[PDB]
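Okay, here we've got a single chain as structure tokens, the form deposited in one PDB entry, with questions on binding and movement later.
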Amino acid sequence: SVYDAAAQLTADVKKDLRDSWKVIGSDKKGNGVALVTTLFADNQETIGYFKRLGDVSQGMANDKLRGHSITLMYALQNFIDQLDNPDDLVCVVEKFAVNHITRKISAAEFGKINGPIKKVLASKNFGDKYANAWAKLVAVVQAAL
């Protein structure tokens, strides 16, 4: 269950998530756009899903893409803030899961975000240990898809 995935996050994993978020979450506009644009760069097959955003090749200049990217970072802020109460983490994760289920995004496709997260983390010198911790958080959402 999603609760199981959530309840499994250990103290060490939560520590790594919080420490790295202190940095990557400090510039939501910059890192959010980097995250989304990297997804498009490395997984071009996903571009079609974001037609509402218009020309995503415009990057930062695209106001719809910028608004979407900043907001995505607040979903992550939400997750990080709920780490110590699995009950609250689960209800917010299911909320965002619905946003993706309606767009026909499978658990496997949602996992495509792990590559971009790993790259953004690396840009701030957060290595594999941190990428693995984030993959565990993403897996909580995957349990809901």
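Note that residue numbering begins at 1 and tracks the sequence as displayed.
Stretch exceeding the other in mean C-alpha B-factor - 95 to 103, 73 to 81: Per the deposited B-factors, the answer is 95 to 103.
Would 116 to 124 or 62 to 70 have the larger average of its C-alpha temperature factors, as given in the entry? Stretch with the greater average CA B-factor: 116 to 124.
So where's residue 137 on the chain's Cα temperature factor ranking, which third? Tercile = lowest for this residue's CA B-factor.
Assigned third (lowest, middle, highest) for the C-alpha B factor of residue 53: Tercile = highest for this residue's CA B-factor.
For residue 131, the third of its chain into which the C-alpha B factor falls: Middle third of the chain for residue 131's C-alpha B-factor.
Quick note: we don't show the form solved in complex with a small molecule, though the next part is all about it.
Partner contact for residue 117 in the deposited bound form: the small molecule, 4.5 angstroms, heavy atom: Residue-level check for residue 117: yes, a contact with the small molecule.
Taking the small molecule as it sits in the deposited bound form, is residue 13 near enough to touch it, meaning that at least one heavy atom pair lies within 4.5 angstroms? No.
Does the small molecule come within 4.5 Å of any heavy atom of residue 9 in the deposited bound form? No, residue 9 is distant from the partner.
Residue 31, heavy atom within 4.5 angstroms of the small molecule in the deposited bound form: Yes.
Quick check on this chain: which one of 35, 83, 90, 56 has a heavy atom within 4.5 Å of the small molecule in the deposited bound form? Partner contact (heavy atom, 4.5 Å) among the options: 35.
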